[PDB]
file model-v8.cif (mmCIF, C-alpha atoms (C1' of nucleotides))
data_upload
loop_
_atom_site.group_PDB
_atom_site.id
_atom_site.type_symbol
_atom_site.label_atom_id
_atom_site.label_comp_id
_atom_site.auth_asym_id
_atom_site.auth_seq_id
_atom_site.Cartn_x
_atom_site.Cartn_y
_atom_site.Cartn_z
ATOM 1 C CA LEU A 734 4.394 71.793 -17.093
ATOM 2 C CA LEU A 735 5.153 69.988 -13.825
ATOM 3 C CA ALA A 736 6.495 73.254 -12.397
ATOM 4 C CA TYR A 737 3.432 75.083 -13.731
ATOM 5 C CA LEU A 738 1.108 72.739 -11.826
ATOM 6 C CA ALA A 739 2.741 73.866 -8.572
ATOM 7 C CA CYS A 740 2.256 77.605 -9.141
ATOM 8 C CA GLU A 741 -1.116 77.522 -10.912
ATOM 9 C CA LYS A 742 -2.910 75.169 -8.496
ATOM 10 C CA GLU A 743 -2.128 73.619 -5.116
ATOM 11 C CA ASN A 744 -1.762 70.148 -6.668
ATOM 12 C CA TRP A 745 1.704 68.637 -6.324
ATOM 13 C CA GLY A 746 1.396 64.915 -5.678
ATOM 14 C CA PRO A 747 3.787 62.081 -6.443
ATOM 15 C CA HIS A 748 4.398 61.926 -10.185
ATOM 16 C CA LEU A 749 5.762 59.152 -12.391
ATOM 17 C CA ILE A 750 8.010 59.191 -15.455
ATOM 18 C CA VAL A 751 8.947 56.144 -17.536
ATOM 19 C CA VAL A 752 12.384 56.596 -19.097
ATOM 20 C CA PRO A 753 14.711 54.187 -20.944
ATOM 21 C CA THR A 754 17.618 52.914 -18.871
ATOM 22 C CA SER A 755 20.108 55.155 -20.702
ATOM 23 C CA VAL A 756 18.427 58.536 -20.095
ATOM 24 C CA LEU A 757 17.620 57.694 -16.469
ATOM 25 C CA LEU A 758 20.341 60.006 -15.127
ATOM 26 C CA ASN A 759 19.669 62.841 -17.586
ATOM 27 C CA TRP A 760 16.258 63.441 -16.001
ATOM 28 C CA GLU A 761 17.700 63.706 -12.481
ATOM 29 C CA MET A 762 20.589 65.940 -13.562
ATOM 30 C CA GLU A 763 18.037 67.882 -15.612
ATOM 31 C CA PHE A 764 15.837 68.163 -12.505
ATOM 32 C CA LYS A 765 18.726 69.679 -10.547
ATOM 33 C CA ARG A 766 19.649 71.921 -13.489
ATOM 34 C CA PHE A 767 16.075 72.986 -14.315
ATOM 35 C CA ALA A 768 13.422 73.529 -11.613
ATOM 36 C CA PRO A 769 15.471 72.825 -8.457
ATOM 37 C CA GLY A 770 12.533 73.034 -6.047
ATOM 38 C CA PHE A 771 11.201 69.553 -6.857
ATOM 39 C CA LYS A 772 11.840 66.473 -4.719
ATOM 40 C CA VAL A 773 12.905 63.698 -7.103
ATOM 41 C CA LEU A 774 13.739 60.060 -6.435
ATOM 42 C CA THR A 775 15.341 57.451 -8.693
ATOM 43 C CA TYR A 776 15.272 53.665 -9.077
ATOM 44 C CA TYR A 777 18.322 51.408 -8.788
ATOM 45 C CA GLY A 778 19.189 48.153 -7.072
ATOM 46 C CA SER A 779 15.924 46.256 -7.570
ATOM 47 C CA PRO A 780 16.615 43.387 -5.101
ATOM 48 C CA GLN A 781 18.034 45.552 -2.288
ATOM 49 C CA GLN A 782 18.441 49.294 -2.953
ATOM 50 C "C1'" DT B 1 64.559 -71.041 45.459
ATOM 51 C "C1'" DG B 2 64.112 -68.099 40.862
ATOM 52 C "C1'" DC B 3 62.288 -68.937 36.239
ATOM 53 C "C1'" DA B 4 60.167 -69.942 31.711
ATOM 54 C "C1'" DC B 5 55.968 -72.288 29.612
ATOM 55 C "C1'" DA B 6 51.494 -74.365 28.293
ATOM 56 C "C1'" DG B 7 47.002 -73.373 28.504
ATOM 57 C "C1'" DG B 8 42.731 -70.951 30.261
ATOM 58 C "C1'" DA B 9 40.159 -66.310 30.896
ATOM 59 C "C1'" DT B 10 38.955 -62.520 29.167
ATOM 60 C "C1'" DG B 11 38.733 -58.241 24.432
ATOM 61 C "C1'" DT B 12 38.474 -56.709 20.040
ATOM 62 C "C1'" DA B 13 38.508 -55.472 15.685
ATOM 63 C "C1'" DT B 14 36.491 -58.352 11.940
ATOM 64 C "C1'" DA B 15 32.874 -60.290 9.035
ATOM 65 C "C1'" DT B 16 27.922 -61.606 8.552
ATOM 66 C "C1'" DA B 17 22.765 -61.400 8.837
ATOM 67 C "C1'" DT B 18 19.344 -57.763 9.868
ATOM 68 C "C1'" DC B 19 16.401 -53.247 10.327
ATOM 69 C "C1'" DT B 20 14.599 -48.089 8.068
ATOM 70 C "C1'" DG B 21 14.333 -45.017 4.132
ATOM 71 C "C1'" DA B 22 14.193 -43.648 -0.045
ATOM 72 C "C1'" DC B 23 14.272 -44.417 -5.078
ATOM 73 C "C1'" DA B 24 11.846 -46.946 -8.802
ATOM 74 C "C1'" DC B 25 7.792 -49.010 -11.352
ATOM 75 C "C1'" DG B 26 2.589 -50.316 -12.350
ATOM 76 C "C1'" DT B 27 -2.351 -48.278 -12.057
ATOM 77 C "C1'" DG B 28 -7.312 -45.645 -13.283
ATOM 78 C "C1'" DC B 29 -10.939 -41.096 -12.372
ATOM 79 C "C1'" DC B 30 -10.695 -36.420 -12.362
ATOM 80 C "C1'" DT B 31 -8.058 -33.679 -15.070
ATOM 81 C "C1'" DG B 32 -6.606 -32.080 -20.052
ATOM 82 C "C1'" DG B 33 -7.191 -32.105 -25.656
ATOM 83 C "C1'" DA B 34 -9.848 -31.229 -29.034
ATOM 84 C "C1'" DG B 35 -14.255 -30.175 -32.313
ATOM 85 C "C1'" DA B 36 -18.114 -26.838 -33.511
ATOM 86 C "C1'" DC B 37 -21.300 -22.137 -32.792
ATOM 87 C "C1'" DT B 38 -21.726 -17.668 -31.539
ATOM 88 C "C1'" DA B 39 -20.165 -12.247 -31.508
ATOM 89 C "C1'" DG B 40 -18.553 -8.658 -29.471
ATOM 90 C "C1'" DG B 41 -14.041 -7.059 -28.607
ATOM 91 C "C1'" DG B 42 -9.827 -6.047 -31.117
ATOM 92 C "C1'" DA B 43 -7.219 -4.351 -35.456
ATOM 93 C "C1'" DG B 44 -7.520 -0.549 -38.948
ATOM 94 C "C1'" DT B 45 -8.669 3.950 -40.968
ATOM 95 C "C1'" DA B 46 -10.522 9.270 -41.708
ATOM 96 C "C1'" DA B 47 -10.287 13.738 -40.285
ATOM 97 C "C1'" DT B 48 -8.819 16.836 -36.458
ATOM 98 C "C1'" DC B 49 -7.086 20.373 -33.633
ATOM 99 C "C1'" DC B 50 -4.365 21.700 -30.622
ATOM 100 C "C1'" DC B 51 -0.825 22.885 -27.932
ATOM 101 C "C1'" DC B 52 3.862 22.570 -29.081
ATOM 102 C "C1'" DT B 53 7.980 24.300 -31.698
ATOM 103 C "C1'" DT B 54 11.992 26.899 -35.217
ATOM 104 C "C1'" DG B 55 16.379 30.246 -35.071
ATOM 105 C "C1'" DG B 56 18.707 34.090 -33.288
ATOM 106 C "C1'" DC B 57 19.919 38.745 -32.528
ATOM 107 C "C1'" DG B 58 19.876 42.841 -28.456
ATOM 108 C "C1'" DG B 59 19.014 44.575 -23.058
ATOM 109 C "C1'" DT B 60 18.578 43.703 -18.411
ATOM 110 C "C1'" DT B 61 18.050 41.384 -14.196
ATOM 111 C "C1'" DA B 62 18.493 37.700 -10.539
ATOM 112 C "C1'" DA B 63 20.831 33.855 -9.785
ATOM 113 C "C1'" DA B 64 25.063 31.301 -10.175
ATOM 114 C "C1'" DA B 65 30.281 31.426 -9.475
ATOM 115 C "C1'" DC B 66 34.771 32.736 -7.229
ATOM 116 C "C1'" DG B 67 37.818 34.529 -3.379
ATOM 117 C "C1'" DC B 68 39.669 35.301 1.136
ATOM 118 C "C1'" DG B 69 39.577 35.321 6.957
ATOM 119 C "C1'" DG B 70 39.552 32.475 10.638
ATOM 120 C "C1'" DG B 71 36.784 30.324 14.183
ATOM 121 C "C1'" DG B 72 35.364 26.787 15.870
ATOM 122 C "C1'" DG B 73 34.764 22.079 15.427
ATOM 123 C "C1'" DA B 74 36.654 17.623 13.506
ATOM 124 C "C1'" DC B 75 40.313 14.936 14.897
ATOM 125 C "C1'" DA B 76 44.846 12.652 16.601
ATOM 126 C "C1'" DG B 77 47.212 11.222 21.355
ATOM 127 C "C1'" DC B 78 46.884 9.337 25.732
ATOM 128 C "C1'" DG B 79 45.673 7.736 30.571
ATOM 129 C "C1'" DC B 80 41.950 5.451 33.481
ATOM 130 C "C1'" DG B 81 38.828 1.581 35.489
ATOM 131 C "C1'" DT B 82 35.150 -0.939 35.462
ATOM 132 C "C1'" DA B 83 32.587 -3.914 32.324
ATOM 133 C "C1'" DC B 84 32.301 -7.492 30.013
ATOM 134 C "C1'" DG B 85 35.670 -11.802 28.087
ATOM 135 C "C1'" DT B 86 37.273 -16.107 29.771
ATOM 136 C "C1'" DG B 87 37.388 -20.099 32.729
ATOM 137 C "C1'" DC B 88 35.575 -23.423 36.420
ATOM 138 C "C1'" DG B 89 31.563 -26.271 39.243
ATOM 139 C "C1'" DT B 90 26.821 -26.706 40.272
ATOM 140 C "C1'" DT B 91 21.346 -27.098 38.806
ATOM 141 C "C1'" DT B 92 16.655 -27.085 36.232
ATOM 142 C "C1'" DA B 93 14.776 -28.386 32.796
ATOM 143 C "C1'" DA B 94 14.282 -29.466 27.728
ATOM 144 C "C1'" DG B 95 14.685 -34.000 24.432
ATOM 145 C "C1'" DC B 96 13.021 -37.761 23.896
ATOM 146 C "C1'" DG B 97 10.738 -42.696 24.468
ATOM 147 C "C1'" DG B 98 6.253 -43.901 25.261
ATOM 148 C "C1'" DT B 99 0.439 -43.337 26.328
ATOM 149 C "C1'" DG B 100 -4.655 -42.484 26.711
ATOM 150 C "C1'" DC B 101 -8.041 -39.322 24.766
ATOM 151 C "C1'" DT B 102 -10.841 -36.229 22.051
ATOM 152 C "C1'" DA B 103 -12.653 -32.292 19.951
ATOM 153 C "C1'" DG B 104 -11.928 -29.979 16.370
ATOM 154 C "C1'" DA B 105 -10.289 -30.538 11.337
ATOM 155 C "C1'" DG B 106 -12.041 -32.327 6.995
ATOM 156 C "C1'" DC B 107 -14.991 -34.416 2.806
ATOM 157 C "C1'" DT B 108 -20.182 -34.673 1.321
ATOM 158 C "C1'" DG B 109 -25.983 -34.221 0.302
ATOM 159 C "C1'" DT B 110 -30.245 -29.900 0.359
ATOM 160 C "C1'" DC B 111 -32.360 -26.114 -0.846
ATOM 161 C "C1'" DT B 112 -32.940 -21.741 -0.614
ATOM 162 C "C1'" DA B 113 -32.016 -17.260 -0.211
ATOM 163 C "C1'" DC B 114 -30.205 -14.786 -3.363
ATOM 164 C "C1'" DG B 115 -27.264 -12.692 -6.364
ATOM 165 C "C1'" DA B 116 -26.100 -13.163 -11.789
ATOM 166 C "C1'" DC B 117 -28.424 -11.442 -16.330
ATOM 167 C "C1'" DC B 118 -31.657 -8.217 -18.856
ATOM 168 C "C1'" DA B 119 -35.688 -4.027 -20.468
ATOM 169 C "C1'" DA B 120 -37.444 1.112 -18.874
ATOM 170 C "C1'" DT B 121 -36.993 5.714 -16.520
ATOM 171 C "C1'" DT B 122 -34.481 9.577 -15.021
ATOM 172 C "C1'" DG B 123 -32.132 12.600 -12.020
ATOM 173 C "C1'" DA B 124 -28.173 13.225 -9.927
ATOM 174 C "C1'" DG B 125 -23.922 13.928 -11.645
ATOM 175 C "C1'" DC B 126 -20.733 15.876 -15.333
ATOM 176 C "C1'" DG B 127 -19.187 19.627 -19.230
ATOM 177 C "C1'" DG B 128 -19.588 25.024 -19.523
ATOM 178 C "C1'" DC B 129 -19.570 29.605 -17.569
ATOM 179 C "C1'" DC B 130 -18.769 33.872 -15.079
ATOM 180 C "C1'" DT B 131 -18.479 36.241 -11.475
ATOM 181 C "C1'" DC B 132 -16.323 38.556 -6.316
ATOM 182 C "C1'" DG B 133 -14.490 37.669 -1.711
ATOM 183 C "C1'" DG B 134 -10.825 35.435 -0.068
ATOM 184 C "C1'" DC B 135 -5.967 35.577 -1.212
ATOM 185 C "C1'" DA B 136 -0.950 37.593 -2.649
ATOM 186 C "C1'" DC B 137 2.401 40.890 -1.463
ATOM 187 C "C1'" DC B 138 4.177 44.627 0.954
ATOM 188 C "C1'" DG B 139 4.402 49.168 3.981
ATOM 189 C "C1'" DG B 140 4.243 50.894 9.247
ATOM 190 C "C1'" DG B 141 5.498 50.114 13.387
ATOM 191 C "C1'" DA B 142 6.395 47.718 17.625
ATOM 192 C "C1'" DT B 143 9.023 43.922 19.445
ATOM 193 C "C1'" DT B 144 12.503 40.832 20.217
ATOM 194 C "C1'" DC B 145 17.010 39.115 19.372
ATOM 195 C "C1'" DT B 146 21.618 38.556 18.794
ATOM 196 C "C1'" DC B 147 26.761 41.039 18.491
ATOM 197 C "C1'" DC B 148 30.268 43.624 20.390
ATOM 198 C "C1'" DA B 149 32.815 46.693 23.984
ATOM 199 C "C1'" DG B 150 34.164 47.714 28.732
ATOM 200 C "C1'" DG B 151 35.075 46.837 33.874
ATOM 201 C "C1'" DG B 152 34.331 45.226 37.702
ATOM 202 C "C1'" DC B 153 35.911 41.531 38.665
ATOM 203 C "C1'" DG B 154 38.781 37.654 39.230
#

call {"tool": "encode", "arguments": {"input": "model-v8.cif", "output": "structure tokens"}}
result
Amino acid sequence: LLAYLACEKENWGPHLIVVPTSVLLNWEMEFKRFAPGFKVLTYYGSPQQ
DNA sequence: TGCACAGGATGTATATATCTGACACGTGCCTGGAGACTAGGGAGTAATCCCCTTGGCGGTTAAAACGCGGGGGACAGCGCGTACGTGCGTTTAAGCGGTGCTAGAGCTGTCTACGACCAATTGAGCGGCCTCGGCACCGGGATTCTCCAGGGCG
């Protein structure tokens, strides 16, 4: 769906996903596996990183 | 002539009468001791409600805890000299005995403002409420600010 929004319309935008702490990496690895053309960040190191 | 003595001519602690100071005892007028009436302030109870707990699993984070390098600052050793410690003689001035005063300190009537005590009104101040503009927190970016490596210089 997120990849369909890029081809169908011109809307990209910053998105947000809320994932449990265990599956946090599976969405990044899944974003490199599936649909490489997206720019994805992650969240670690609350006080500093 | 050189010498010991008997008595006067001065000291000196010794014993006696004498001068303050403080403890001890005998009063009578402003205190306490006590008796009765009023009453409102204190002891006692009936809900109450309201925030404050009970007990312990896990997941995760921010804060607490440990560990080593070493850099600089606490700290011991030691020499110097001038700044007070110590000891004299010389002076200015307080302690103290005594004096003449006064002007302010100190106890007592008058009344008179004038504040203590008590009804009537209310309005300005307190419980309740519900908003929004100032406030909380952080990005963007410029600015300063300290840390480290030559090198030109000793």

call {"tool": "atom_distance", "arguments": {"input": "model-v8.cif", "atom1": "atom CA of residue 768 of chain A", "atom2": "atom CA of residue 756 of chain A"}}
result
17.9 Å

call {"tool": "resolve_selection", "arguments": {"input": "model-v8.cif", "expression": "the PyMOL selection byres ((chain B) within 12 of (chain A))", "output": "list in words"}}
result
residues 59, 60, 61, 62 and 63 of chain B

call {"tool": "axis_aligned_box", "arguments": {"input": "model-v8.cif", "around": "segment 765-778 of chain A", "padding_each_side": "5 Å", "output": "JSON"}}
result
{"center_x": 15.4, "center_y": 60.8, "center_z": -9.5, "size_x": 18.4, "size_y": 35.4, "size_z": 19.6}

call {"tool": "atom_distance", "arguments": {"input": "model-v8.cif", "atom1": "atom CA of residue 738 of chain A", "atom2": "atom CA of residue 772 of chain A"}}
result
14.3 Å

call {"tool": "atom_distance", "arguments": {"input": "model-v8.cif", "atom1": "atom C1' of residue 127 of chain B", "atom2": "atom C1' of residue 50 of chain B"}}
result
18.8 Å

call {"tool": "closest_residue", "arguments": {"input": "model-v8.cif", "among": "A:770, A:781, A:776, A:735", "to": "residue 753 of chain A", "atoms": "all atoms listed in the file"}}
result
A:776

call {"tool": "residues_near_point", "arguments": {"input": "model-v8.cif", "point": "(20.8, 56.3, -12.0)", "cutoff": "8 Å", "atoms": "all atoms listed in the file", "output": "list in words"}}
result
residues 757, 758, 775, 776 and 777 of chain A

call {"tool": "residues_around", "arguments": {"input": "model-v8.cif", "residues": "residue 771 of chain A", "least_positions_apart": "2", "cutoff": "12 Å", "atoms": "only C-alpha atoms (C1' of nucleotides)", "output": "ChimeraX atom specification"}}
result
/A:735-739,745-748,761,763-769,773-774
